[PDB]
RNA sequence: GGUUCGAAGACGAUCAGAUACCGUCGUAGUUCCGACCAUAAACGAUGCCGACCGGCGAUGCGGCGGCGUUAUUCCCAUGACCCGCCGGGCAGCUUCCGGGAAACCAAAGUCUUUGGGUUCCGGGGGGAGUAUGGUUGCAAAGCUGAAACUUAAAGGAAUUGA
Ligand SMILES: [Mg+2]
Ligand SMILES: [Zn+2]
């Protein structure tokens, strides 16, 4: 987003929905920022690190927030691939 | 949820689900809840897949553990069935319970007495608790729901496919979320089975209360 | 337009030409009838002889006599 | 009847992209559609696609990335001379930074910026931004 | 402005339905436009039954009924209060009124 | 004049832990306090009343006139807000309209016409905004063109800090309730438009409630 | 014609909400505690509020009175008829487990339990309601 | 050919009047056969062909798979129910698909991010579907169809009143 010289000029960079790959508008109030906790392999206990996801307003009220969160988690290997 | 033998579904937990009757969905089926259903019976009731119940329940447990301050998780049930279970969950974890009649504008109205401002919503039945979901449209607020086969997944981000109708089923599903949150946190051990009996969560209707008030007397 | 074919030019041209008569101001300027009916005959001004004076009464709310002249 | 096949194919992609679908099956596969989609891929608006042979007109399954605002067609195929490619790319495309007019020339099917460089005018197919 | 979806009538995919004479007037209304009503009535009203239950020659002769199907035009139906005007919302309710007793 | 915060992020702002409107706009937080906008963009925010409009409702004993004031606010460096408000006095109609205009300000995105030298002066691409019948379109123009538009979009785009813009309006624009709402929706869409610059995959920062969680547990109930 | 107004009901509900610790089932005891805790300028309104307090709190004891919910305190008050069950209502023996559910468990590894009795299936698919 | 009904008619009422509504009769007509007529709120007030874009439960015709009930007792095999699937068709309910001035619409969507093909047709309200010519018809009348003049509004959906 930079000029001829190479100076990043726009006053901020908006987030993009993990499911749809739309940019989450400055006032898309039905957009979520959901942290799914990362668990230690040997104990099964919380580490203090998380696998964060963003989703757009249209996707949520479409009713595809459930399957999209699921598929992102199953891609990361949080949910078992077998499922 | 998976790739781990520690978070794996135990032979103890299966008998608890079958005894409560959480594997049994409704007669009618939603189009976005097909992936959580094994098969339809002769009698025409849908059998919910208990692995896919467990995978989503652990995903929900993870999402609740990642929230740091435990008192900006609002737990909700408007009907009779959940009112005990959410208060038990609330006291046991530190989550803030809204039991019976969610007044419209607790997240939207600044001037209200009960102007709450949570970071995660856990809901018993989207059809009954439709107002907290429709209101969590106005605030950037992820939603968890005890969704039945009949449930619409509009404004629901992780739907745990269960029976949310039966009084035993609601009680246990709240109990296993309450326990997995505490285990993952590192408060209870996976070595020992949990102190609390799941009947501490169940809804005793006045009829059962009066019959037992004569029984024990 | 509607008919978009690459050899659809006489259709478009002829159609617009037919439909421009249904325009009021076009047909007014392009028929002879208006410039026959115009007293001045398509002129800026016109000279005439005064033959009587007239008091033309106004319409509703405006009540007055507008002092015109027959020419 | 089905007069234009590229018109159907681009409306199918456009409808699927708006609805937020992750891949779309555009049916009556043709040399012009494939050569259109290769150009669209080389700039990186679509993903990798897989063309499915039944012993007929084939099918195409296009893996969609959510970075495609519009993919349209111009019918009829107007004969764009090189100097007039300015007034075309002026009134079709959003800005002078991004977006492409793909037009079928002597050399082959290629975007306005390539055709301007190669010094060739030709018949317009469509646009994608 | 469009008031009904089904233009006050239960014709969808015909073109023509033969008309009927109203039972109050003799006004020609189409067969499906008309407000139809089926009155199944005892011949003897309410108290007459008791007097004819005693002054009958026979033993538990279940005295007959009177079956009359009535077609009303919309004006005759509204005037006789067989139907009434309704709210914009309530207009769409097609479930007939409960007849519990 | 003591502003005690009612909202959770009204607390984090007054405690000087969030130090930009970009922290808010990035995480799409609803701004319910009128004082957060007066905190950050307090200096350069300038009001202009677009119109006062008397709207009536019929009763059996006379009409009941109440006044509706349209207010466009914004620093001339990439924020506009348009607020409307009805009241029995024109004074409290303006006062409420100003407050609502502050509540609902958006960041505008600015780009270049062709060559990418200096600071961004025009709209990054062709954007259209609709309200009722009115359709306002904003097109990028070369440098030092000025704003080729009607007075109403001109003054909104002036306050937005866009210098160069060709415009084209259709519908019943005589209604300047819908005109300016159409312009504001057109302006507001510039940051919710995916150009090939916003292609680089996003890296996720902590939301300010997760960031300053431990502070908000002790600071207030 | 004895319908109590908003001022009676609201203020009585607020006093039950806060001071549930002292209020009782006797009228004259809670009349005195109400006079002590609350500044009510007239004596008639004092008796009206105290009268409502010792009618709501005579029904809190019964069951799920709506307009108030002191959750910890009302639930600890529901923890006065203590039914702590000794055997879990779930922890049972032989379970009737649907020949369809047999496979559902068998597609998980645990298709082999002691207390999974498979009841014969309901022949005749007549689970629907007539459209008459 | 003329049973019923019934424009014009004839009277009887009603009313200030009633050439009307109400009543009693009643001619052309209402019916059939053979020749004309070519218009209707001839309506979904919504051209036809093709593609894509949500959900749900019924319904009519055809096909396919499936526990079981029932009729042919002798049941193979046919019908009647029962539970799903596929393709056309008349519709329905639902929704922030999306559109629209709104009412409302899975099309009236896929439209300033504007182009799949093609026929007909509208350009403020009146004058006016009027005059005039031409044409079809036995006639009634149909199709084509202006101008001078006049006027700042007529109008569409929705809101609050009365
Ligand atoms: Mg007809
Ligand atoms: Zn009638």
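Taken together, the values in this text are just the output of simple stated rules run on the coordinates, not laboratory data. Note that each Cβ is placed from the backbone with ideal geometry, even for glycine, and that neighbours are counted across all protein chains shown.
One table, with the values for the structure above:
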quantity: Computed over segment B:18-113: relative contact order in percent, which uses C-alpha pairs under 8 Å that are six or more apart; calculated: 18
quantity: Peptide B:151-163 - average C-beta neighbours from other chains (10 Å radius); calculated: 4
quantity: √(5λ) per eigenvalue of the Cα gyration tensor, chain G, largest first, Å; calculated: 56, 21, 12
quantity: Whether chain F is rounded, prolate or oblate, judged on the alpha carbon gyration tensor where a/c under 1.5 counts as rounded; calculated: oblate
quantity: Per-pair calculated FRET efficiency, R0 = 30 Å: residue G:102 and residue A:82 via Cβ, rounded to 0.05; calculated: 0.90
quantity: Within 10 Å of each Cβ in G:81-90, the average number of Cβ atoms from other chains; calculated: 6
quantity: Added length on full extension, which subtracts the Cα-Cα distance from 0.36 nm per residue, residue D:75 to residue D:116; calculated: 12.6 nm
quantity: Where only C-alpha atoms are counted, convex hull volume of the protein assembly as shown per residue in Å³; calculated: 403
quantity: For segment C:5-69 versus segment B:137-177, the gap between their alpha-carbon centres in whole angstrom; calculated: 75
quantity: Angle in degrees between helix A:65-76 and the longest Cα principal axis of chain A, rounded to the nearest 10; calculated: 70
quantity: Förster-model FRET efficiency, 51 Å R0, residue G:128 and residue D:87, C-beta, rounded to 0.05; calculated: 0.20
quantity: Förster radius 22 Å - calculated FRET efficiency between residue D:5 and residue D:63 (Cβ-Cβ, nearest 0.05); calculated: 0.60
quantity: Residues of segment F:139-173 with amide N under 14 Å of the 7 Å Cα→Cβ point at residue F:117; calculated: F:143-144
quantity: Rounded Å value of the spacing that divides the Cα centres of segment E:24-101 and segment D:1-36; calculated: 61
quantity: Rounded, prolate or oblate (a/c below 1.5 giving rounded, otherwise prolate when a/b exceeds b/c) for segment B:45-98 by Cα gyration tensor; calculated: oblate
quantity: Within 10 Å of each Cβ in A:35-48, the average number of Cβ atoms from other chains; calculated: 6
quantity: Relative contact order of chain F, pairs being alpha-carbon contacts under 8 Å that are 6 or more residues apart, as %; calculated: 16
quantity: Virtual spin-label span in nm between residue C:44 and residue E:50, 7 Å along Cα→Cβ; calculated: 10.9
quantity: Rg in Å to one decimal, and Dmax rounded to a whole Å, for chain C via C-alpha atoms; calculated: 22.6, 66
quantity: For segment A:17-34 versus segment F:88-130, the gap between their alpha-carbon centres in whole angstrom; calculated: 21
quantity: Burial ranking of peptide ranges F:153-162, C:53-62 (average Cβ count within 10 Å, highest at the top); calculated: F:153-162, C:53-62
quantity: Whether segment F:98-207 is rounded, prolate or oblate, judged on the alpha carbon gyration tensor where a/c under 1.5 counts as rounded; calculated: oblate
quantity: Distance (nanometres) between label positions extended 7 Å along Cα→Cβ at residue E:11 and residue B:11; calculated: 7.4
quantity: Mean separation of Cα contacts under 8 Å (6+ apart) over length of segment D:1-68, as relative contact order %; calculated: 34
quantity: Extension gain, residue F:175 back to residue F:66 (0.36 nm per residue minus Cα-Cα distance, nm); calculated: 37.4 nm
quantity: Sorted peptide list for E:67-75, B:164-172, criterion being average Cβ within 10 angstrom, highest first; calculated: B:164-172, E:67-75
quantity: Listed peptides F:47-58, C:6-17, A:33-44 by packing density, highest first (mean Cβ within 10 Å); calculated: A:33-44, F:47-58, C:6-17
quantity: Cα-based Rg and Dmax for segment D:69-129, where Dmax is the largest Cα-Cα distance (Å); calculated: 10.4, 29
